[PDB]
Number of protein chains: 2
Amino acid sequence: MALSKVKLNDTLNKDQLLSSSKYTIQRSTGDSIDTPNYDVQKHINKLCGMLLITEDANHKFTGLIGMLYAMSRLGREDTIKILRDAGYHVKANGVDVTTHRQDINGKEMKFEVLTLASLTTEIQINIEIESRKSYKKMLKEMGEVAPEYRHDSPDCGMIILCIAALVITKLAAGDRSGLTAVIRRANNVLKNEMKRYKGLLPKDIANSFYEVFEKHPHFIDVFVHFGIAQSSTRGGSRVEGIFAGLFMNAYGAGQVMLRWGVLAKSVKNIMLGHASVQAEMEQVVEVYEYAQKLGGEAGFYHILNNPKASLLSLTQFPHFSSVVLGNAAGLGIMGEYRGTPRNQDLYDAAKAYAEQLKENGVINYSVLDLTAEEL
Amino acid sequence: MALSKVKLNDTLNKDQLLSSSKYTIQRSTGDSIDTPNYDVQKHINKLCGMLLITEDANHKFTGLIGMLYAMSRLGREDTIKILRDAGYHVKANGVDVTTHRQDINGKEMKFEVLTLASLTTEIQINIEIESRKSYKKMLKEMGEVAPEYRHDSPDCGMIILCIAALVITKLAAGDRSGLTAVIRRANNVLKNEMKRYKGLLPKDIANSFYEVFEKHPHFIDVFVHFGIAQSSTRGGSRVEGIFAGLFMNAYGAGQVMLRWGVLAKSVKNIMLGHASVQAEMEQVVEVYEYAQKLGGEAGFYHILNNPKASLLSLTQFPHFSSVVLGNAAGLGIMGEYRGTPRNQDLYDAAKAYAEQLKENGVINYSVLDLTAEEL
RNA sequence: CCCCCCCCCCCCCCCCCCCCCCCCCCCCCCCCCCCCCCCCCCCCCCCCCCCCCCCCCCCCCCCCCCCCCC
C-alpha cells in the first residue's frame, strides 16, 4: 500500500523527453546527392539488368546503383522529402539522360548515360560494354534469348533490391557478420532468379550494399522508407512479393530478445516465478507496454540507428534476460546467437525446464466445452 | 496478473506500419498500355468470338485479348484510374477502329482493325481470316448457323474471361500447377459453352492467361478489380452469372489454412487443447482478428501480390498449423495439397481424432428446447 | 374582517514568531539466431402456391348551477 505505490517510470519518461524536444539538429550529408525522378526509373532498371546478365560481374557500384533505383521509385520529390524529414541538408542533383559519343575498338559508338554525381559516365558505359559481351555469348549458347533472361525484364531493379533487403535483415549486428546468412537465404529464396541471371552473385552484391550503407548511412534511412512504400503497395509481380516478404523479415531486428520474452511467457516457463525475476517484472512490463505504444515504426528502430531503440533493451534486467535466453536455449531456437546471460544459474534452470517442456504435451480440456462427451 | 498482461502485438503493429507510410513508390510499367474505351467494347467481343468459332485456334494472343475486353468493360477512364491507384505510371494508348485494305488470295479486301500497341493489325486480320474458314465450314455442316454458335453472341467476351477467372482461382500457387485443375473445372462448369464453340480450348487459353499474368503482372491487378466491378453488377446473362461465381471461388486463395482453422474449432478437434498449441493461441487469435478487421479486400491479397498477405500466414505457429492440417487430413479434405506439418506428432494425433469424429454423430438436445416431450 | 405580550444589541482573554538542514557522490551504450509466401476442392439453381369470400350504421335516460358562517 504505502511503499508499493512508489515507483519511477523511467522507460516512458525517457521517450517523453526525446519526443518533446523544442529544438533540432541538421546534418550536412556531403557535397551532392542524386535524386533520380520517376522519368529515369526505366533506364536505371535497364542498367541493373546489364549487371545481372554480365557473368562474373564487377559489383563494386551495384550497391550505389540499387539505391538509385529505389530513389527513382520514390521519385525526386518524395525522396528529398524523406531526407529532410530525417534532418539532413540536401544538395539535390537532377538526373537527366544524355547521349555520349565515344570510339570503342576504333569504331565510334552511342551510349545512353545518366548525369550523376556518384557515377562517372565512363564507368557507366563500361557496364553496358561488359553486358553486351555476356549477352552475345548468351545469344550464341541458346540461339535466341528469352525475355526472362534479358536486361529488359521489369524485375531486374527489384531483383537487386532483394539482396539489399536481405542485407537489412542482418544489419542488426552492424558488421558484415550477416553475410554468410544473407548468401544462404538468397540461394533458397531467390534460386529461380539466380537461374535466369548469371550476374546475380549474392556475396558480391551483399558486400556492395553493406559498403554503401556503411559509407553513406543516410541511404539506410532512404532504403527503409522505400521498402515501406513498396510494401504499402496494393498488388505486384511475384518478385515484388518476394522483396516485400524479405524486407519485412527485418521488422524487429535487434529486438529478438523481446520476442523470446513473449515466448517464455507463452510456454509458461517456471523460472519466471523466481523471486529475483519477479522483482524486475514491474519494470519489464513498462518496456513491453512502451513497445506496444510505439507501434509499427518501432520494428525498424534498430536498423536505422534510432537512439530510442536503446529503450527496448531487456539487457537492463539481467535476471529476466537470463531466464528468457535460457528458455530459448532449451527450446533449441538460439545459437549461433552471441547473447550471453548475466545470470548463469537462472539461464541453466530455464534451459533445463525448457528442455523438459517439449517432452510432454498435456491436453487441456477447459478451452473448448461440450455438453455431452462419451470419452 | 503480473506477467499475463505482458504481450506484444506484432501482427497488428505490422499492418499499422504498412498502412501509415508517409511516402510512396511508383512503377514504370513499360512503354505503352492500351486503354480501350466503352466504344470499342462490342468490336473486342466480336474479335473474341472469332477466336471461339475457330477450330484448333491459335490461343497465343487470347490472354492479352481477354484483358483488352475486360479493360473495355471498365472503360478508358476507370481502367487508368485503377492502374494509378495501384501506383504505376501510365502511358495511356487510345484505341480507335480503322479500316485496313489488303489483298488476300489476290483479291483486295476490307478489314475492321484496332490501333493497338500490343497487337499488330497484321495478326488481327489473321484471326478474322482463320475465323471465316471455320465459319464457312460450320455453315456447310449445319446449313444455317444458329445465333448461339456465331461470333456475335454477347457472351463471347465473357466466355473467354471465364477461364481467366479459373486461372485466378489457382494463381495462389504462383506457377502453372493449377492448369490441370483449371481444365477439369472448365469441362464441368463450362460444358455447355464448349459445345457451342469449337475454339473454347481450356488448356490453351488458360496457358495464354497464365502467360499474360506472368509477363504483365499489372494486368492481374486490373483483372481482379474488373471482376469485382463485374460481380458488383445488379443482374446479367447466365454466363456473367457463371463468371462471377467462378471469380469469387478465388476469394480467399492462399488462405486455405485459415478456413481449415475455423473448421478445427468448429468440429472441436481435441488436439487444440494441447499445452503447446494453447501457448500459441494468444497470437493465433491476433491474426484471425486482423483478418476480420481487414474485411473484404483481404480475400484477394494473395492473388495480387499484396505484401500484407504474408501477415495472414498461420505458418508462424507450427503447433497450431500442424493440428489444423491434421484435422483437415483426417476429415479427408486435404490432398493433393502440398502443405507440410512442422509437428508430425501433433498432425498424426489430430488426424487420428478427426478420423474418429465422422464415425459418431451424437445428438445434442440442448440447442432446441421443448416444454413437453414424450420421447 | 384582520389584530392585541415582552424585548435593542454589546460587555473576557490574546500579535506573531523563535530548531536543525543545500545538494550530490556506484555501475552500465546497444546489438548478435533462424526464417519469404504459397500449394486441396468446389459456380449457383432446381417443389408447391394468387388473393378474397360472414355479420354489421350510429343513436335513444336524467339533470343548470348556487344557497351557512365569518
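Scoring rules and cut-offs
Residues numbered from 1 in each chain as written, not as in the entry; some residues may be left out. Chains lettered and ligands numbered in written order. Part of a larger assembly, values for the part shown. Heavy atoms only, no water. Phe/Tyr/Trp six-rings, centres within 6.5 Å; stacked < 30°, edge-to-face > 60°. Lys NZ or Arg CZ within 6 Å of the ring centre and 35° of its normal. Buried < 20%, exposed > 50% of the residue type's maximum accessible area, 1.4 Å probe, protein only. Helix = DSSP H or I, 4+ residues; strand = E, 2+ residues; numbered from the N terminus. Arc of directions from axis to C-beta. Contact = heavy atoms within 4.5 Å. Polar contact = N/O pair within 3.5 Å; in protein donor to acceptor, adjacent residues only side chain to side chain. Buried area = accessible area lost by both parts, 1.4 Å probe. Salt bridge = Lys/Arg side-chain N within 4 Å of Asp/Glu carboxyl O. Least-squares fit on C-alpha atoms. Core = buried A, V, L, I, M, F, W, Y, C linked by side-chain atoms within 4.5 Å. Near = heavy atom within 4 Å. Nonpolar A, V, L, I, M, F, W, Y, C, P; charged D, E, K, R; others polar. Axes fitted to C-alpha atoms, helices over the stretch in contact; angles between N-to-C directions.

Going by the header, the method for this PDB entry is X-ray crystallography, and the resolution given is 3.60 Å.

## Some points on the packing of aromatic side chains
What the rule picks out here adds up to 20 aromatic pairs over all chains. Lying across the ring of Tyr-88 of chain A, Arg-27 of chain A places its NZ or CZ 4.2 Å from the centre.

## Brief notes about helix α7 (residues 179-189) of chain B
Owing to its 3.6 residues per turn, the α-helix brings residues three or four apart onto one side. Residues and elements named next belong to chain B. Of the positions making up α7, those classed as buried are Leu-179, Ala-181, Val-182 and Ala-186. Down the axis of α7, the sector holding all buried residues measures 155 degrees, keeping them to one side. With respect to the buried face of α7, the exposed residues turned more than 90 degrees away are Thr-180 and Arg-184. In the core, the buried residues of α7 are packed alongside α6 (156-170), α8 (191-196) and α9 (202-215).

## Quick look at the side chain of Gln-230 of chain A
With respect to the element layout, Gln-230 of chain A can be found in helix α10 (residues 218-231). A polar side-chain atom of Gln-230 of chain A sits 3.4 Å from a polar atom in the side chain of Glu-240 of chain A. Not counting residues within four places of it along the chain, the set of residues in contact with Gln-230 of chain A comprises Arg-73, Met-158, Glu-240 and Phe-243 of chain A together with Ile-25, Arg-27 and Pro-307 of chain B.

## A closer look at the interface of chain B and chain A
Listed by partner, the interface residues are 51 residues for chain B and 56 residues for chain A. Here chain B meets chain A over a buried area of about 5000 Å², counting both sides, of which 59% is carbon and sulfur. Linking chain B with chain A are six salt bridges, by the criterion used here. Between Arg-259 of chain A and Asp-10 of chain B there is a salt bridge whose closest N-O contact spans 3.1 Å. Connecting chain B to chain A are 20 residue pairs in polar contact. No other element matches helix α1 (residues 10-19) of chain B, which puts six residues into the side of chain B that touches chain A.

## Quick word on unusual backbone geometry
In this model, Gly-335 of chain A is joined to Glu-336 of chain A through a cis peptide bond whose omega is -5 degrees. At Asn-105 of chain B, a residue that is not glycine, the phi angle is positive and equals roughly 65 degrees. The residue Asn-105 of chain B is located in the loop between β5 (97-103) and β6 (108-114) in this model. Assessed through its relative accessible area of 72%, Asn-105 of chain B is described here as exposed.

## Structural notes on the relation of the copies chain B and chain A
Least-squares fitting of chain B to chain A yields an RMSD of 0.0 Å, with the transformation described by 0.4 Å of translation along the axis and a rotation of 35 degrees. Taken together, the interface assignments show that only 12% of the residues at the interface of chain B recur at the interface of chain A, consistent with different surfaces on the two copies.

## Side note on the environment of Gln-41 of chain B
Residues and elements named next belong to chain B. By the secondary structure assignment, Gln-41 is in helix α2 (residues 41-53). Residue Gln-41 is classed as partly exposed on the basis of its relative accessible area of 21%. Remark: the alpha-carbon pair of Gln-41 and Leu-68, spanning 27 residues in sequence, is separated by 8.7 Å. Beyond its immediate stretch of four places on either side in the chain, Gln-41 contacts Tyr-69, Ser-72 and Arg-73.

## Section: the nonpolar core
Judged by nonpolar contacts, the single largest core of 77 residues is most densely connected at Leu-161, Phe-209, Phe-213, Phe-223 and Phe-300 of chain A. Per-element tally for this core: the top contributor is helix α6 (residues 156-170) of chain A, with 12 residues. Sequence-distant contacts of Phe-209 of chain A, defined by excluding residues within four places in its chain, comprise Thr-62, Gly-63, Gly-66, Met-67, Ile-160, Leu-161, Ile-163, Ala-164 and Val-167 of chain A. Residues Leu-68, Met-71, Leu-119 and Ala-164 of chain B belong to the second largest nonpolar core, which totals 70 residues.

## What to know about the protein's contact with RNA strand C
The environment of RNA strand C is formed by 51 residues, the closest being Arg-184, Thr-315 and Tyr-337 of chain A together with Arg-184 and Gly-335 of chain B. The sugar-phosphate share of atoms of RNA strand C within 4 Å of the protein amounts to 65%. Take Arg-184 of chain B: an N or O atom from its side chain is 2.4 Å from a phosphate oxygen of RNA strand C. Between RNA strand C and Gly-335 of chain B there is a distance of 2.5 Å, counted from a sugar or linking oxygen to a backbone nitrogen or oxygen. Elements supplying a minimum of two residues to the surface near RNA strand C: α6, α7 (179-189), α11 (238-249) and α12 (256-266) of chain A together with α6, α7, α11 (238-249) and α12 (256-266) of chain B. Considering only residue class, the surface near RNA strand C consists of 18 nonpolar, 23 polar and 10 charged.

## Observations regarding the packing of helix α1 (residues 10-19) of chain A against helix α13 (residues 275-294) of chain A
Residues and elements named next belong to chain A. Orientation of α1 relative to α13, taken along the N-to-C sense of each, is 35 degrees, at an axis distance of 8 Å. Contacts from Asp-10, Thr-11, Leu-12 and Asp-15 of α1 reach α13 at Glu-286, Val-287, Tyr-290, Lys-293 and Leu-294. Considering only residue class, the contact of α1 with α13 consists of four nonpolar, one polar and four charged.

## Considerations on the pattern of salt bridges
Tallied over the entire structure, the rule returns 28 salt bridges over all chains. The residue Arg-176 of chain A makes a salt bridge to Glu-211 of chain A at a minimum N-O spacing of 3.4 Å. Placement of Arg-176 of chain A in the loop between α6 and α7 and of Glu-211 of chain A in helix α9 (residues 202-215) is noted, with a sequence separation of 35 residues between them. By relative accessible area, which is 30% here, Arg-176 of chain A ends up partly exposed. Since its relative accessible area comes to 40%, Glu-211 of chain A is described here as partly exposed. We note a salt bridge from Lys-293 of chain B to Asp-15 of chain B, for which the minimum N-O separation is 3.6 Å. In this pair, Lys-293 of chain B is assigned in helix α13 (residues 275-294) and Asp-15 of chain B in helix α1, connecting sequence segments 278 residues apart.

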